[PDB]
There are 6 protein chains.
Amino acid sequence: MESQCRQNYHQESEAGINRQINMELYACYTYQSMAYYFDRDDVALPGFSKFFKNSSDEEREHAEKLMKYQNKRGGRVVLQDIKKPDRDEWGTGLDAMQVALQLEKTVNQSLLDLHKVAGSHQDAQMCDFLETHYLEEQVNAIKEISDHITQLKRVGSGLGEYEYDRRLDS
Amino acid sequence: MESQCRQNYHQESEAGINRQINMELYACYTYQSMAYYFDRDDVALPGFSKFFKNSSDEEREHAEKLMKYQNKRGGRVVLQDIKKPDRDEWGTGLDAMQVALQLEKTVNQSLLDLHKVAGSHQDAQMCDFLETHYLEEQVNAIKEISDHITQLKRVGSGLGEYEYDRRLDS
Amino acid sequence: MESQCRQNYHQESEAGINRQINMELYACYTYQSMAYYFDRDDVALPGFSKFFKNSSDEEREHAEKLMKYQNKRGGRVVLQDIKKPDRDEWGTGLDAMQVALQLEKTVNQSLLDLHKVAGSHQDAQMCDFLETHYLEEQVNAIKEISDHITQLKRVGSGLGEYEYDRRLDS
Amino acid sequence: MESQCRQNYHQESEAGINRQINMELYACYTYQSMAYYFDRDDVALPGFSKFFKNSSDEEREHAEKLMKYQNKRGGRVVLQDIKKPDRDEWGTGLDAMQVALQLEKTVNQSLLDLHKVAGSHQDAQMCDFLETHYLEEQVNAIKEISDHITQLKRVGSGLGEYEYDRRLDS
Amino acid sequence: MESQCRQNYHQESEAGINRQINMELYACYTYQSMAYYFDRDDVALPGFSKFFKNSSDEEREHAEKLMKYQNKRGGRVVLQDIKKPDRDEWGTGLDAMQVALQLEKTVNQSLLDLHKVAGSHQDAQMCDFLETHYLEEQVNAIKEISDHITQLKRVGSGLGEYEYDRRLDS
Amino acid sequence: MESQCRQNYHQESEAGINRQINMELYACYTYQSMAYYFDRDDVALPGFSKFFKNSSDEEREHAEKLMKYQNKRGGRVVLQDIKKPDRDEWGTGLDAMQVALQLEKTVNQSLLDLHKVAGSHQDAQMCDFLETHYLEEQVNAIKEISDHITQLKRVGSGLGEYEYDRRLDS
Ligand SMILES: [Fe+3]
Ligand SMILES: [Fe+3]
Ligand SMILES: [Fe+3]
Ligand SMILES: [Fe+3]
Ligand SMILES: [Fe+3]
Ligand SMILES: [Fe+3]
């Protein structure tokens, strides 16, 4: 029952998209966890909460665009369990930004590996789709989070973290 | 490290909220699956796709409001794996609406059991929170989906399903 | 042929809603009678006429919302005769307001008994529906009519009743 | 205590108006029944529901205009029981439209008999009142419902009934 | 001289409302004290001053709504002395927020005890009134003040307290 | 710890302001009592209710301006119990206006005694503050209430009191 759409779309690329979908949803869930961690009364950093809630929404949007792409190419979406996040509590604002940077680098490596799979099969359209809609945003997200980390080291604990939280809330 | 917020909030109610969060996220994931199933080129029902994408977004919003409520009361959000949906393909529009009705009844029973836990501990605020923000919407959602099922039986397969899809897309 | 909607909805609650529907329609009919009584040429109190016509319309709206609720829960609307009002003529403005207070207290007692039936079966949603959409309005209506009665005793017969009629017409 | 208004108003005409009031209220109640029948989850025809709810409201308005007319002429409104509708369930859309046509013809015959009573007593004003505000609308209502019946026979059961329901909802 | 309004309103519930009125007025007075404490020239924290003045106004509004409710149900408002606040000076911003949290928890416990009295007498309307207009706001107020306390511990004394004062003034 | 603000501010004037604060709050409480007395279902005079609620709010505003003035001058606000009002019920509209006149004259005498204390210590600014913001308003309030009393004697009991209530509600 090969899809009437399918053309130049390798089954390895199709499986890679399904793998990437689960990875994006995993990142979504971790950011959702962080968002409500910073909403705890004994944490109470609403700027960090908003930053990670927005990051969560953006990851969900990335996953759904991959689901849409899967269908466009005639592939078939196959979902797996979304594994719960690595921690239940995420420390300081700086701690969570550090985790976010490693998470974004993990998603980026996964996308770079997916791009290699697509290129190996001369899937020129899928390569450009990944470059345009995924790879550029990862480079921007990693730079932005790195800037946040550097600034959070500069301002220090206590009042410094409070002031940076105001910046994220603004 | 009992939260400075906590008052009249039983640990059984707190665990019940965490259980309900995972249930809402599970329903979210199933609706997300259906949404992109109806986006398949060999299904191609964009009205059903939109209906289930919106249902998915609403379930996500319900889960996040429970996470917010957990924090308001001084409880602690503890997330578990989001289990993948029961199926990979969802049949006809009528088939998927039937599954949706059973899913909504499952979430509703779970909320009714949660309300009993809250009432047992005379958690009057949590009872009203659940009634106002969860129980009324479940009654409306179940009626709406039941209406859809009846109409989909009336219009039948083929052109009938196409016409009802237009109604959901409108 | 149990409705596909039905969940946590006891047949005693379903019969109680049908009983309440007939009670609301009965109150509607009595207020309609009063409205056109005060439109008689030998009564000629257009403010009282308008007050009771509006009360009649509100009772009709309450009955229809119960019919809608019956359907939402999967119950089945069963209508009975609407008994004609207790009188054909309603006396003075004060007389009719006194009858209205007893009528509203009768409807309120009936709703309070219905709420007990719902609570007995742990129908948490139906309890909140009745509290939100019926019980609060009864408390307000009873206070408002009691205020009217006190004022009508203050102003007395003749010119006093005329002046209060202007207030209701305003 | 003959009303100071009364002139050229026969007691037979006055009783006939009271009879007609009860007939209009009866039709109101039957249409109200149909409206909430089509709101059942196992019927789920919101266009038919709206059509009969509007018909119900129009019958109520006709009854109240007769009550107003009774008072204008110096007659006295005397209300009777409103008998419950002939059925609890009304079948298909076509079935209910058929019942509506017979109901409207029954009300029309009753008004035609009332017009004869008025004319017999040379009540020229009451004849014109009935012609202008009741008889013309009955002819229009009967034609409109007959058109609906013919169209519902044309479109047939299933998808046809669904499409006509959309027309009534529009 | 039982009020013509009174229905399903127990004298224990009526006394409980009068007790709650005095409690709300007491909280009002304490917040008023704090507001003008932070207006002292040797304290000079106008953001904290505004926060507690607004809290004072909200407590006054809660008390007046209970007085209004007492009258709605046919109970009789009986006022007692408003006891002066526990202190004349309230320390640091953090100190006063700590006192506010304990004050709000005291009012909340009192309302929860009042809700139990109402429920014991199956006063369904009064239960919902308390849940809707009092209990939800207490949960929100306690969370908000707890967030303030956590943030004030984070920012520390001196410049930190000044910066948080700006936040409350904003 | 004499305030850095303090200049030409005698401790007798400072104690007098604290005494006046408690007097204004006492008047506030009495007017609040009257406001909800006229909201009783067996009193039901909403114009009088509004008049005394507004008078209550104005007394509260006067007290807070004295608290603000205390701080401006470097004095220290010291609050005492607010004694409950002299009565629980306030009779007729005329009765309550009579009590209001005596209350306003009591507050006025207290302010006149405070002005003497200030003048004795050549506190020229405090004298002008009291004249501008307190003494003129007392003369206006006493005249206005006296006019109300005279009018309420003119219109008499029953319909007259009702008509004057409309004037206060306007
Ligand atoms: Fe992503
Ligand atoms: Fe949900
Ligand atoms: Fe009603
Ligand atoms: Fe008619
Ligand atoms: Fe309060
Ligand atoms: Fe004053």
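Per chain, numbering begins at 1; letters A, B, ... match sequence-line order. Both ligands and their constituent atoms are indexed starting at 1 by order of listing. What's counted below: heavy atoms across the whole structure, side chains too, no hydrogens, waters or symmetry copies.
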Q: Measure centre to centre between the rings of C/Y36 and C/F52, then say whether the value is under 6.0 Å.
A: no

**Q.** Among F/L114, F/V117, F/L112, side-chain contact (heavy atoms from CB on, under 4.5 Å) partner for F/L130
**A.** F/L114

Q) Are side-chain heavy atoms of F/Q32 and E/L25 found at a separation under 4.5 Å? A) yes

Q) Counting no waters, how many protein N/O/S atoms sit under 2.8 Å from the Fe ion (ligand 2)? A) 3

Q. Side-chain contact, heavy-atom cut-off 4.5 Å: F/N54 with F/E58?
A. yes

Q: Could you tell me how the ring of B/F51 sits relative to the ring of B/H148: parallel (under 30°), tilted (30 to 60°) or perpendicular (over 60°)?
A: perpendicular

**Q.** With sequence neighbours excluded, residues passing ring-ring contact (aromatic ring centres under 6.0 Å, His included) with B/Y26
**A.** none

